[PDB]
Amino acid sequence: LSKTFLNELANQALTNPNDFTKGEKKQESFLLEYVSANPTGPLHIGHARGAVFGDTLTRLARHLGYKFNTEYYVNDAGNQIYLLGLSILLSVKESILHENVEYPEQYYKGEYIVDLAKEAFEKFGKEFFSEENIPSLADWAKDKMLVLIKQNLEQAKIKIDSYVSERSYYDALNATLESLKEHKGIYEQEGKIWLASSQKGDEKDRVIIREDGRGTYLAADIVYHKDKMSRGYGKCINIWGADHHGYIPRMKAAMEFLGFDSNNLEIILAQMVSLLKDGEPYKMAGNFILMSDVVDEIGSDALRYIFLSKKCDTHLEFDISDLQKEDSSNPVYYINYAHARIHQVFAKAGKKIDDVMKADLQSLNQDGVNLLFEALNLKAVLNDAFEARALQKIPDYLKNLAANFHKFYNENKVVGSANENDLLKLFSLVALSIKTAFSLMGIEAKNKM
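Count the sequence shown with PDB author numbering and you get residues 77 to 360, 364 to 528, in order.
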C-alpha cells in the first residue's frame, strides 16, 4: 500500500474531522416508518431491535447524504384507546378509592397504570371518575403515554421526526376505496367490501369494509400507506416484527391496486431477541419486560450495541452479565478503551492532534499501515452497510479495529520514540473512526474510563 496516498487521505480526514466519511448529497430519498407502538403503555423490550435498527439506519442514511425521513404511526382511535381509559378508571377505583371492582379478561395493569391513575385523580378530581368520562380519560391518557414512549426512545438516543394520528385518516377512507376501484381492486360480496389481493399474489382475498359499514385494520393500514407512498419519496421502508411475514403480500397487492410499484415498499423484518442474565432468561410491576427497565440496567450504549450486533432477520441471544467484564467479551468497554487509550497517550506526550499533523506516516511498519488502512476503510464499510441494510457491519468493523489497535499499541512504544508523531497521528485517525462509527450508533466515545 502507498503510505504517501494514505497519508494524504489521513490529512483530509483530520483537517475536517466532522466531514470524515460523510457522503455528498444523494438522489434517492426515503421514508422510514418504524416502532409505531400503541400509545397504551411504555415500550416493551420486543420493540427495541426495530427501534435501534431504524435509528441507526436513519443516522447512517443522513451521514451518507441521503434524504431520509422518519415517522411513527399512532393508533389513537377511540375504539383502540378505550381500554386504556377503562383501565385507569378501574385502578382509580381500587387503589385510590378502595372499592371492590369487576375486572374484564383483557385490561392494562402495572406500576405505570397506578402512577397515571394518581396523575388522573389529581388533575380531574373524584367527581370525574364515571363510565361516561372514559374516552375523555383515554384521550388525556394516550397523550401522556405518547409522552412516555417519546422519552423511552430518548433514553435510547432515539428521536422520530413525525408522529401521525390514526384519527386524521377517517376522512381519507373514501378516496382509498375510489382509487382501489379505479384499478379494479375491490368488490362486494356477502354485504362486505373485499380487496381482490389474490389477483396480485396474496394467499386469499381480504375484508376492507365489514358488514357493519366499518373499515378493518387492513383498510386503515392501506389508507395510511396510500398517503406515505404518494409523498414523493424514492422508497418507503417499514420495519416489522418477523412474525408479520404473512402480512407482506396483502400490503404489496394493495399498493399495486393503488397504481404504485410495490417494489418501492421495502419491508425489513426484525427478529426475536433472547435476553439472558447468568445463563438464565431475563425476568423480574408488570407482565411484560420494559425497554426502560433494560436501559436502566445495562445503559444506552449497551442497548445500542447489542441490538445492532447481528443480522436483523436472524435470532439474537445475549447474556447481559458479559457487560461486567473488562476485556474483549465486553465490546462496548473494549472499543471505548481503545479510544480512551489514545486520548491518554496524547496527554502523556503533552501534545494535541494538530501538533502531529505534519507527520507523513512513512516510518509505519506493516502493522501500522494495516491499522491506517483499517481506519480509513470506514467510508467503504458505511456505504456497504447502508446499501445491503447490514447494520451489524458497523459493530463488526469497530470490534476488529479496537482489537487491532490494542494489539498494535501493546507492541509499540510511543512517547519518547523517534517516530512519536507518526504513531500519534495514526492513533488520532483510529480515534476518529471509533468516534464517527460510534456516533452513528448513538454512542458517544469516551476520552476517559
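Don't be surprised by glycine CBs; every beta carbon is placed ideally from N, CA and C.
Since I believe residue j is in contact with residue i (beta carbons under 8 Å), could you give me their beta-carbon distance rounded to a whole number of angstroms?
i, j, result
"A232", "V374", "6 Å"
"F506", "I414", "Contact doesn't hold; Cβ gap of about 15 Å is too wide."
"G310", "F106", "6 Å"
"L213", "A196", "7 Å"
"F333", "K390", "With a Cβ gap of about 33 Å, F333 and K390 do not count as contacting."
"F129", "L470", "6 Å"
"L108", "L133", "7 Å"
Any idea what DSSP makes of residue i, helix, strand or coil?
i, result
"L351", "strand"
"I368", "coil"
"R282", "strand"
"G201", "coil"
"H120", "strand"
"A346", "strand"
"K268", "strand"
"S518", "helix"
"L443", "coil"
"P357", "strand"
"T292", "coil"
"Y188", "helix"
"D434", "coil"
"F397", "strand"
"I513", "helix"
"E405", "coil"
Between residue i and residue j, what straight-line distance do the alpha-carbon atoms span, to the nearest angstrom?
i, j, result
"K302", "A318", "23 Å"
"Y246", "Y149", "14 Å"
"residue 361", "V424", "Gap note for the chain: numbering proceeds from 360 to 364 with nothing in between, so residue 361 has no coordinates."
"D152", "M305", "21 Å"
"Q103", "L519", "21 Å"
"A137", "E181", "44 Å"
"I522", "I234", "11 Å"
"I324", "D446", "48 Å"
"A89", "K492", "25 Å"
"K218", "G122", "20 Å"
"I315", "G322", "14 Å"
"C312", "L502", "46 Å"
"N500", "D463", "32 Å"
"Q265", "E279", "18 Å"
"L395", "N145", "27 Å"
Here's the rule I'm using: 16 or more other beta-carbon atoms within 10 Å means buried, otherwise exposed. How should residue i be labelled?
i, result
"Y293", "exposed"
"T393", "exposed"
"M528", "exposed"
"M348", "exposed"
"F205", "buried"
"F452", "exposed"
"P410", "buried"
"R383", "buried"
"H418", "buried"
"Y179", "exposed"
"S338", "buried"
Should residue i be counted as a contact of the ligand NAP given a C-beta to heavy atom distance under 6 Å?
i, result
"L369", "This structure does not include the ligand NAP; it has no bound ligands of any sort."
| Is it true that the segment 349-360 meets the segment 429-446, where meeting means three or more beta-carbon pairs spaced less than 8 Å apart? | no
task: Would you check if the segment 207-220 and the segment 117-129 touch, i.e. whether three or more CB-CB distances between them fall below 8 Å?
output: no
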